[PDB]
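Take a look at the structure below.
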Amino acid sequence: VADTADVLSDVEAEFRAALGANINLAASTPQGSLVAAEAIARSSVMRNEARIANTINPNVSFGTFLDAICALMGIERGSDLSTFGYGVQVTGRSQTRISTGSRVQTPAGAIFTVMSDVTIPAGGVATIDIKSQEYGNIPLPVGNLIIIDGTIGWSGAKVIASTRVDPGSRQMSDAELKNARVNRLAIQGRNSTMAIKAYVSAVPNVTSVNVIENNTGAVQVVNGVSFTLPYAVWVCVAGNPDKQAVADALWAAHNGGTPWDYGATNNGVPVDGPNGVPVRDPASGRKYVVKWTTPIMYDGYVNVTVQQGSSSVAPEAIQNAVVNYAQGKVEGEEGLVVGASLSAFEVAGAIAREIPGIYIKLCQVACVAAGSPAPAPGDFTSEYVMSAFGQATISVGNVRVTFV
Amino acid sequence: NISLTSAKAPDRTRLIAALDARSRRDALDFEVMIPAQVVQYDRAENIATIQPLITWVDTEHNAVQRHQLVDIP
Amino acid sequence: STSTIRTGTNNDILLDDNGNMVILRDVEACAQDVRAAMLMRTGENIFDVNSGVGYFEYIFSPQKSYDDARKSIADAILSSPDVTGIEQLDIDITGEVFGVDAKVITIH
Amino acid sequence: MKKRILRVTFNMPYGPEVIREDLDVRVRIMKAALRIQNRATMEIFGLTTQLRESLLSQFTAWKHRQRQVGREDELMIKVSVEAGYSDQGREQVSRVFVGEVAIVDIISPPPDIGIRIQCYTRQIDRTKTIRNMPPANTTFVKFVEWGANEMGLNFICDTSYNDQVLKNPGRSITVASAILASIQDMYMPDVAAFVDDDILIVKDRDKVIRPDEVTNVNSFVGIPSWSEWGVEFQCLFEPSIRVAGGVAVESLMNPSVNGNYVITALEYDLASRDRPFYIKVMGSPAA
Amino acid sequence: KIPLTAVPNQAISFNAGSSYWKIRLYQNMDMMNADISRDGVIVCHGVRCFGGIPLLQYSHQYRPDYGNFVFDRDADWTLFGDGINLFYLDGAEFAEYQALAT
């Protein structure tokens, strides 16, 4: 009941008319041809559009898939802005700052001012910022530019004291099909490992999460060497403006033990040495034991050797081809998460899913720690088997293309 | 007896009275020349913020300050 | 300026020896149309209520005057695409039958 | 046989006073896409001594209690007009005008004493001043937004000129009324700025504000004809017709003028005991 | 509230919560169905009407900060305006009511 047959449809009416009225015509020229043909051109629409409303399959669906999500996940996503605060500007004497004073950062800032201000005798005043778009963007540590100015306000100043609230980014159905298999939570006191992973993955601004669990004592097959019955969670969060709700969500879904890096391992950066210290529990219990760590950030590098292909493919499109697979916006490939084993086969094969017609003679990839110089010309292999302590990332400049 | 507007009772009697009222209103909004003062100035571009020094009268004979003009050469 | 598919004395599609469903041109299309219209009954036409002849309320029911039958039949003869005006309606009611005769005028 | 409904509402300090359709009320309304505010002339007959004393004495046009705790209602009262039809007890009333009384008169002598009233939309602003400094260097849309906040009206702006920087846009505006003249002046005539009911609308000349609410019109009391700007016709009271909205026109005598048009100006002639109950429409080609 | 009338198929346009709304109500066999439009662009199509359950079910559309609509009982066009009301709720009230629903 998944596919429809339409090759035998015309026969149905061509013989319905024959055994109905009389045995004559059913030809193409006469009037009856018209009726017989239209009763089929409309029967096909019937047969197609009766099925298409069936599937409901989690895949294949669209738009109505929001309800297949809402059967379990109470939310998919939202649309908020990267509002700022604690700003400051370099200015002169008795200047009347106005609203909508647009400040543009070098990575497409386009940032207004939220409320009006007047310059003081000191020469420095505080102004607020709101992003002109509704996606997740970050401000640079220093002031960059000012657009709307009175030739007396010299420059906008970014400091360390300021805050950055990270927003969400709309939705993608092809991304809903991906995070659906992960965000499914459960209905007792909320104490299973899959429940923990699904509850943590639903917190805003959390790209990926890893959870592992012992059951046996001494060491476990997954990475980790220390406590006898630990629970290791390796959240990959851009930020936690609710710095305790990133921990309160972990706590509310958690029963067992909380170690730092399995407890005693090395070379993983935890949130701190002493406890994460959640604020409080509503059950009159002052129990604060929550421990989680962030991945050891890495870098990425991709190189390819492509023939000319069949069409005039610009060498700039292939760079955007791989960044989507890294960011996991394609339908089917999850993306770069913890333990994402960066491979040339998984990447250079997927670039053909957007720009076919080209012949890929060769491609080899490798990576090194972030903020370090590029590897040797011979330092490129096909695969990169990846540990569970960290994840890799890909930027636009790291990709080099030769049309050899 | 503040009258809410600069309107006169004999107006609306004839067409010429209304014509004179609209003529006065159109003349008043026409701006040419008044004294002013400097609020801010930078010697390097010949642009100065300027605050005119003559106010606006109201039906209660009050004083309403004008608005500062920026980047005036 | 009209057309229709020919039917027999019973209202079915009538097919020639070649079996061709024929598009009748004017005049006899008008005769077939008016014959079908006068036999349509009221309360049978969906999407158009109050269209038809009220046989069960005006003719078959006991009635005083019998001008209502004439008006209803004249209206049903009208509303055809081509009829211009009605020349004569007689309404005999001689014997047990209810004799009705009519002559219509068309553009052609 | 449907009956017509014509209600005029007055907001006295103690509460509302409604003149129903049972009396003799005549009203003419004129609306357009311009800075000049809308107008309504009202003819009211049969007012008794009590109602005359209650209403005509509040149209003072002088100022009382100079201290002026608050504003708006402590200067002039507000009048709202809604007209429609009633059939089988089922109503289809719709509001058509909001304004404040400006000019008073007396038309007919006894035995039947009738008065005439002049109302204007957003006339409260001709007394209220500006207390929020306009932005110095800014785009068009932010100037419009500041004006909307200052007057106190919900606004919609949709123009191709939304990303143009203006220098000192409104540094010479005395009261709140000249904001609209400022907004209209810059990009005349392509950009039309007008205040309808209680909404500020700034848009291009030939854009329909609501693309999915096109009213199909196929029954005209006044035969449609070309009017060297578009089309112009007349109909009975249709609540769907608004300013800046679109119309789809299908004619019988004049089928060469069928098409989609954007509404520019309107006129209303509504009476409770006379023949006129009409709406006149002028249109421009849709873009 | 939202003024209504006893007609099998109807539509209403109004300005609610600092935005323009257009609700189209029609009867589909047994249940009643609605189509919601905001500011000229569609939101949801053919959503069923039940008492209490809001018309905007999906998470993103109903609000970042806008409101929602709720019926007091099961929809029936022969009882509209006569013991049957439709209520629009602002962001804060609807958030509180949604939390209270659990």
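Labels for the structure tokens follow display order: chains A, B, ..., residues from 1 in each chain, ligands from 1.
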Near residue 22 in chain A, counting only C-alpha atoms, which residues have an atom at most 12 Å away, once you skip same-chain residues fewer than 3 positions from it, shown as a list in words? residues 14, 15, 16, 17, 18, 19, 25, 26 and 32 of chain A; 12, 13, 14, 15, 16, 17, 18, 19, 20 and 21 of chain C
Each residue of chain D with at least one atom at most 10 Å from chain B should appear once, together with its nearest atom pair and the corresponding distance in Å (one decimal); atoms considered: only C-alpha atoms; ordering: chain, then increasing residue number; output as CSV.
residue,atom,partner,partner_atom,distance
D:60,CA,B:3,CA,9.0
D:61,CA,B:3,CA,5.9
D:62,CA,B:3,CA,4.1
D:63,CA,B:2,CA,5.2
D:64,CA,B:1,CA,7.5
D:65,CA,B:1,CA,9.8
D:66,CA,B:2,CA,8.1
D:75,CA,B:4,CA,8.1
D:76,CA,B:4,CA,9.8
D:126,CA,B:5,CA,7.9
D:127,CA,B:4,CA,6.5
D:128,CA,B:4,CA,9.9
D:129,CA,B:64,CA,9.5
D:133,CA,B:67,CA,8.0
D:134,CA,B:67,CA,9.3
D:136,CA,B:70,CA,7.2
D:137,CA,B:70,CA,9.2
D:167,CA,B:70,CA,8.6
D:168,CA,B:69,CA,7.0
D:170,CA,B:67,CA,9.1
D:171,CA,B:67,CA,5.6
D:172,CA,B:67,CA,6.8
D:173,CA,B:67,CA,8.6
D:174,CA,B:66,CA,8.2
Would you export the selected residues with C-alpha atoms as a PDB file, in the first residue's frame, please?
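Result saved to again.pdb:
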ATOM      1  CA  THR D  60     -16.937  74.168  22.927  1.00  0.00           C
ATOM      2  CA  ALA D  61     -13.671  74.754  20.961  1.00  0.00           C
ATOM      3  CA  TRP D  62     -12.335  76.821  23.872  1.00  0.00           C
ATOM      4  CA  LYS D  63     -10.091  75.354  26.584  1.00  0.00           C
ATOM      5  CA  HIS D  64     -11.297  74.455  30.067  1.00  0.00           C
ATOM      6  CA  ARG D  65      -9.139  73.620  33.094  1.00  0.00           C
ATOM      7  CA  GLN D  66      -5.863  74.921  31.688  1.00  0.00           C
ATOM      8  CA  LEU D  75     -10.025  68.674  24.725  1.00  0.00           C
ATOM      9  CA  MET D  76     -12.424  67.254  22.111  1.00  0.00           C
ATOM     10  CA  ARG D 126      -3.228  69.562  16.024  1.00  0.00           C
ATOM     11  CA  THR D 127      -2.913  70.438  19.731  1.00  0.00           C
ATOM     12  CA  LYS D 128      -0.493  67.773  20.987  1.00  0.00           C
ATOM     13  CA  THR D 129       3.233  68.471  20.620  1.00  0.00           C
ATOM     14  CA  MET D 133      13.674  63.732  19.493  1.00  0.00           C
ATOM     15  CA  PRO D 134      13.707  62.364  15.926  1.00  0.00           C
ATOM     16  CA  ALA D 136      19.508  62.264  13.040  1.00  0.00           C
ATOM     17  CA  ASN D 137      20.882  59.864  10.400  1.00  0.00           C
ATOM     18  CA  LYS D 167      19.810  63.385   7.097  1.00  0.00           C
ATOM     19  CA  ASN D 168      17.832  65.586   9.509  1.00  0.00           C
ATOM     20  CA  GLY D 170      12.135  65.964  11.016  1.00  0.00           C
ATOM     21  CA  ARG D 171      14.137  68.612  12.851  1.00  0.00           C
ATOM     22  CA  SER D 172      11.597  71.346  11.956  1.00  0.00           C
ATOM     23  CA  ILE D 173       8.247  69.882  13.043  1.00  0.00           C
ATOM     24  CA  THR D 174       6.229  71.994  15.473  1.00  0.00           C
TER      25      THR D 174
END
Contacts of range 227-241 of chain A at 9 Å (only C-alpha atoms; same-chain gap of 2+ positions) as a compact mmCIF listing (two decimals) with N, CA and C atoms, in the first residue's frame:
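Resulting contents of result-v2.txt:
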# COMPACT_ATOMS: atom_id res chain seq x y z
N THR A 163 27.61 40.37 27.63
CA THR A 163 26.97 39.07 27.51
C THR A 163 26.59 38.79 26.06
N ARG A 164 26.48 37.51 25.74
CA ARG A 164 26.08 37.04 24.42
C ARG A 164 25.03 35.96 24.61
N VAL A 165 23.79 36.24 24.21
CA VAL A 165 22.70 35.28 24.28
C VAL A 165 22.54 34.66 22.90
N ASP A 166 22.60 33.35 22.83
CA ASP A 166 22.58 32.66 21.54
C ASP A 166 21.16 32.27 21.16
N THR A 193 19.71 6.29 30.14
CA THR A 193 20.77 6.96 29.39
C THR A 193 20.23 7.58 28.11
N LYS A 197 20.15 11.52 27.04
CA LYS A 197 20.63 12.05 25.77
C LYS A 197 19.54 12.82 25.05
N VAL A 200 18.84 16.17 26.97
CA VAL A 200 19.90 17.15 26.80
C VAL A 200 19.92 17.69 25.38
N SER A 201 19.67 16.82 24.39
CA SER A 201 19.71 17.27 23.01
C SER A 201 18.62 18.28 22.68
N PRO A 204 18.25 24.31 24.07
CA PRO A 204 18.70 25.17 22.97
C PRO A 204 20.21 25.33 22.93
N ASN A 205 20.73 25.55 21.72
CA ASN A 205 22.12 25.88 21.43
C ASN A 205 23.08 24.72 21.63
N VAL A 206 22.59 23.49 21.73
CA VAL A 206 23.43 22.32 21.95
C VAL A 206 23.52 21.55 20.64
N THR A 207 24.68 21.59 20.00
CA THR A 207 24.82 20.98 18.68
C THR A 207 24.77 19.46 18.75
N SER A 208 25.53 18.87 19.67
CA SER A 208 25.58 17.42 19.78
C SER A 208 25.91 17.04 21.21
N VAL A 209 25.56 15.79 21.57
CA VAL A 209 25.77 15.26 22.91
C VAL A 209 26.22 13.80 22.79
N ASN A 210 27.09 13.37 23.71
CA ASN A 210 27.50 11.98 23.82
C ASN A 210 27.29 11.51 25.26
N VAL A 211 26.79 10.29 25.42
CA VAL A 211 26.57 9.68 26.73
C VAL A 211 27.00 8.22 26.67
N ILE A 212 27.71 7.77 27.70
CA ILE A 212 28.17 6.39 27.80
C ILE A 212 28.00 5.91 29.24
N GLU A 213 27.87 4.60 29.41
CA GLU A 213 27.48 4.08 30.72
C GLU A 213 28.10 2.71 30.95
N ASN A 214 28.51 2.47 32.20
CA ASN A 214 29.44 1.39 32.51
C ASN A 214 28.77 0.03 32.66
N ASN A 215 28.01 -0.16 33.74
CA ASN A 215 27.35 -1.43 34.11
C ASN A 215 28.31 -2.49 34.63
N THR A 216 29.60 -2.29 34.56
CA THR A 216 30.35 -3.48 34.95
C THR A 216 31.39 -3.24 36.03
N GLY A 217 32.08 -2.12 36.01
CA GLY A 217 33.13 -1.90 36.98
C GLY A 217 34.51 -1.97 36.35
N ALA A 218 35.47 -1.28 36.98
CA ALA A 218 36.82 -1.09 36.44
C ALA A 218 36.69 -0.26 35.17
N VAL A 219 36.97 -0.81 33.99
CA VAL A 219 36.96 -0.02 32.76
C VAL A 219 35.82 -0.51 31.87
N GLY A 224 37.25 5.88 28.61
CA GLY A 224 37.11 6.27 30.00
C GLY A 224 37.76 5.29 30.96
N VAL A 225 38.59 5.81 31.87
CA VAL A 225 39.36 4.99 32.80
C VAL A 225 39.35 5.69 34.15
N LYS A 243 23.16 28.95 32.48
CA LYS A 243 24.32 28.14 32.84
C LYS A 243 23.99 27.04 33.82
N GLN A 244 22.87 27.17 34.54
CA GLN A 244 22.42 26.11 35.44
C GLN A 244 21.38 25.20 34.82
N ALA A 245 20.59 25.70 33.86
CA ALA A 245 19.63 24.83 33.19
C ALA A 245 20.32 23.84 32.27
N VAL A 246 21.50 24.18 31.74
CA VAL A 246 22.31 23.17 31.06
C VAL A 246 22.73 22.09 32.04
N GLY A 256 22.29 8.05 39.47
CA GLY A 256 23.50 7.26 39.40
C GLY A 256 24.73 7.98 39.91
N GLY A 257 25.76 8.08 39.07
CA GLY A 257 26.99 8.75 39.46
C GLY A 257 27.42 9.79 38.44
N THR A 258 28.07 10.83 38.93
CA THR A 258 28.52 11.96 38.11
C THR A 258 30.03 12.13 38.22
N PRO A 259 30.82 11.57 37.31
CA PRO A 259 32.25 11.87 37.28
C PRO A 259 32.58 12.95 36.25
N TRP A 260 33.82 13.44 36.33
CA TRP A 260 34.24 14.54 35.46
C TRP A 260 34.62 14.05 34.07
N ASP A 261 35.68 13.25 33.99
CA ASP A 261 36.24 12.74 32.75
C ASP A 261 36.32 11.23 32.84
N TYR A 262 35.20 10.62 33.21
CA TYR A 262 35.07 9.24 33.70
C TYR A 262 35.60 9.20 35.12
N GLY A 263 36.19 10.32 35.56
CA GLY A 263 36.65 10.50 36.92
C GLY A 263 38.11 10.89 37.04
N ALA A 264 38.99 10.23 36.28
CA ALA A 264 40.42 10.45 36.45
C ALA A 264 41.21 10.47 35.15
N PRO A 270 37.13 19.81 31.27
CA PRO A 270 35.82 19.83 31.91
C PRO A 270 35.35 21.24 32.18
N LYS A 291 28.33 16.67 36.68
CA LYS A 291 29.67 16.79 36.10
C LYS A 291 29.59 16.48 34.62
N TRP A 292 30.07 17.40 33.79
CA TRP A 292 30.12 17.17 32.36
C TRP A 292 31.28 17.96 31.77
N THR A 293 31.72 17.53 30.60
CA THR A 293 32.89 18.10 29.94
C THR A 293 32.57 18.41 28.48
N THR A 294 33.31 19.36 27.93
CA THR A 294 33.21 19.79 26.54
C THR A 294 34.31 19.13 25.70
N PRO A 295 34.08 18.93 24.41
CA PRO A 295 35.06 18.21 23.59
C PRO A 295 36.33 19.02 23.38
N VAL A 337 29.90 15.36 14.62
CA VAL A 337 29.56 15.30 16.03
C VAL A 337 30.76 14.75 16.79
N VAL A 338 30.60 14.52 18.09
CA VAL A 338 31.63 13.81 18.84
C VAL A 338 31.99 12.51 18.13
N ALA A 388 36.51 9.66 20.88
CA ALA A 388 35.26 10.16 21.43
C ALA A 388 35.46 11.37 22.34
N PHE A 389 36.70 11.83 22.52
CA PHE A 389 36.95 12.99 23.37
C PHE A 389 36.62 14.30 22.67
N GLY A 390 36.68 14.35 21.34
CA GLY A 390 36.50 15.61 20.64
C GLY A 390 35.84 15.43 19.29
N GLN A 391 35.59 16.57 18.64
CA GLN A 391 34.97 16.60 17.32
C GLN A 391 35.79 17.51 16.41
Counting only C-alpha atoms, a student should be able to say which residues of chain A come within 12 Å of chain D; what is the right answer, written as a PDB file with C-alpha atoms, in the first residue's frame?
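And here is the file that came out, iface_23.pdb:
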ATOM      1  CA  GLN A  95      26.216  63.588  21.909  1.00  0.00           C
ATOM      2  CA  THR A  96      22.626  62.397  21.501  1.00  0.00           C
ATOM      3  CA  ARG A  97      22.824  58.754  20.480  1.00  0.00           C
ATOM      4  CA  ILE A  98      19.710  57.718  18.577  1.00  0.00           C
ATOM      5  CA  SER A  99      17.882  54.446  18.152  1.00  0.00           C
ATOM      6  CA  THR A 100      18.564  52.104  15.192  1.00  0.00           C
ATOM      7  CA  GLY A 101      22.188  53.255  15.131  1.00  0.00           C
ATOM      8  CA  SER A 102      23.446  50.402  12.995  1.00  0.00           C
ATOM      9  CA  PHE A 112      20.919  48.023  15.655  1.00  0.00           C
ATOM     10  CA  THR A 113      20.820  49.770  19.011  1.00  0.00           C
ATOM     11  CA  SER A 116      18.424  55.503  23.075  1.00  0.00           C
ATOM     12  CA  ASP A 117      21.306  57.038  25.014  1.00  0.00           C
ATOM     13  CA  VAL A 118      22.990  60.404  25.568  1.00  0.00           C
ATOM     14  CA  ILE A 147      27.608  52.974  10.287  1.00  0.00           C
ATOM     15  CA  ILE A 148      25.098  55.469  11.690  1.00  0.00           C
ATOM     16  CA  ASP A 149      27.157  58.184  13.371  1.00  0.00           C
ATOM     17  CA  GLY A 150      27.248  61.882  14.157  1.00  0.00           C
ATOM     18  CA  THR A 151      30.972  62.223  13.347  1.00  0.00           C
TER      19      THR A 151
END
Within 12 Å of residue 58 in chain E using only C-alpha atoms, minus same-chain residues under 2 positions, as number ranges by chain: A: 63-71, 73-78, 171; E: 43-45, 47, 54-56, 60-64, 68
Saved selection, atoms kept: N, CA, C and O atoms, as a compact mmCIF listing (two decimals), in the first residue's frame:
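Final file, selection-v1.txt:
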# COMPACT_ATOMS: atom_id res chain seq x y z
N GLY A 63 6.01 18.79 6.27
CA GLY A 63 5.00 19.70 6.77
C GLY A 63 4.05 19.06 7.77
O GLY A 63 3.87 19.56 8.88
N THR A 64 3.40 17.97 7.35
CA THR A 64 2.66 17.13 8.27
C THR A 64 3.58 16.37 9.21
O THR A 64 3.11 15.86 10.23
N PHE A 65 4.87 16.28 8.88
CA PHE A 65 5.85 15.66 9.76
C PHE A 65 6.00 16.38 11.08
O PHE A 65 6.50 15.79 12.05
N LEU A 66 5.59 17.64 11.15
CA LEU A 66 5.57 18.35 12.42
C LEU A 66 4.73 17.64 13.46
O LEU A 66 5.08 17.66 14.65
N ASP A 67 3.64 16.99 13.05
CA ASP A 67 2.80 16.24 13.97
C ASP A 67 3.41 14.90 14.36
O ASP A 67 3.25 14.46 15.50
N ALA A 68 4.10 14.24 13.43
CA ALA A 68 4.83 13.03 13.79
C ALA A 68 5.93 13.34 14.79
O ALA A 68 6.28 12.50 15.62
N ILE A 69 6.50 14.55 14.71
CA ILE A 69 7.41 15.01 15.75
C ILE A 69 6.66 15.30 17.04
O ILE A 69 7.11 14.92 18.13
N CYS A 70 5.51 15.96 16.95
CA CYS A 70 4.80 16.39 18.15
C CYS A 70 4.13 15.24 18.88
O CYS A 70 3.66 15.44 20.01
N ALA A 71 4.07 14.05 18.29
CA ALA A 71 3.58 12.89 19.03
C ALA A 71 4.47 12.58 20.23
O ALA A 71 3.98 12.13 21.26
N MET A 73 8.05 14.60 20.73
CA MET A 73 8.77 15.82 21.07
C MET A 73 7.81 16.99 21.15
O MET A 73 7.17 17.36 20.16
N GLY A 74 7.75 17.61 22.33
CA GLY A 74 6.81 18.70 22.53
C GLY A 74 7.17 19.94 21.73
O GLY A 74 6.35 20.83 21.53
N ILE A 75 8.42 20.01 21.27
CA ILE A 75 8.91 21.17 20.53
C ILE A 75 9.84 20.66 19.45
O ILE A 75 10.46 19.60 19.58
N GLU A 76 9.93 21.41 18.34
CA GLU A 76 11.04 21.18 17.41
C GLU A 76 12.12 22.24 17.59
O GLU A 76 13.25 21.93 17.97
N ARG A 77 11.77 23.51 17.38
CA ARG A 77 12.72 24.61 17.37
C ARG A 77 11.96 25.92 17.56
O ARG A 77 10.76 25.92 17.85
N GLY A 78 12.65 27.04 17.39
CA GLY A 78 12.04 28.35 17.48
C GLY A 78 12.77 29.39 16.66
O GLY A 78 13.75 29.07 15.99
N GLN A 171 13.79 26.33 11.19
CA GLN A 171 13.68 24.88 11.10
C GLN A 171 14.15 24.43 9.73
O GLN A 171 14.25 25.22 8.79
N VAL E 43 -0.60 30.08 7.68
CA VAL E 43 0.06 29.51 8.85
C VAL E 43 -0.24 28.01 8.90
O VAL E 43 0.68 27.19 8.82
N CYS E 44 -1.51 27.66 9.05
CA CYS E 44 -1.94 26.27 9.05
C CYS E 44 -3.25 26.15 8.29
O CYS E 44 -4.05 27.08 8.25
N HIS E 45 -3.47 24.98 7.71
CA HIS E 45 -4.64 24.71 6.89
C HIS E 45 -5.42 23.54 7.47
O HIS E 45 -4.83 22.56 7.92
N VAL E 47 -7.26 22.81 10.17
CA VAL E 47 -7.08 22.35 11.54
C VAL E 47 -8.44 22.16 12.19
O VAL E 47 -9.34 22.99 12.06
N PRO E 54 -5.78 24.36 21.49
CA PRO E 54 -5.56 25.53 20.64
C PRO E 54 -5.50 25.17 19.17
O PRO E 54 -5.16 24.05 18.79
N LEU E 55 -5.83 26.16 18.33
CA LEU E 55 -5.84 25.93 16.89
C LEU E 55 -4.42 25.82 16.34
O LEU E 55 -4.17 25.04 15.42
N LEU E 56 -3.49 26.59 16.89
CA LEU E 56 -2.10 26.54 16.46
C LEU E 56 -1.35 25.50 17.29
O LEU E 56 -0.98 25.76 18.43
N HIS E 60 6.64 26.33 16.29
CA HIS E 60 7.23 27.59 15.85
C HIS E 60 6.16 28.62 15.55
O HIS E 60 6.29 29.79 15.93
N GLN E 61 5.09 28.21 14.87
CA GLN E 61 4.16 29.19 14.30
C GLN E 61 3.36 29.92 15.36
O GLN E 61 3.06 31.10 15.20
N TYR E 62 2.99 29.24 16.45
CA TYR E 62 1.99 29.81 17.34
C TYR E 62 2.53 31.06 18.03
O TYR E 62 1.82 32.07 18.12
N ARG E 63 3.78 31.02 18.48
CA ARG E 63 4.44 32.27 18.85
C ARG E 63 5.93 32.10 19.11
O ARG E 63 6.36 31.13 19.73
N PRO E 64 6.75 33.02 18.60
CA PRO E 64 7.89 33.48 19.40
C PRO E 64 7.38 34.40 20.50
O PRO E 64 7.77 34.27 21.67
N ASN E 68 -2.63 33.07 20.58
CA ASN E 68 -3.29 31.86 20.10
C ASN E 68 -4.79 31.99 20.31
O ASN E 68 -5.27 32.96 20.91
May I ask you to extract the residues of chain D within 12 Å of chain E, using only C-alpha atoms, and to give them as a ChimeraX atom specification? /D:89-93,153-156,198-199,208-214,240
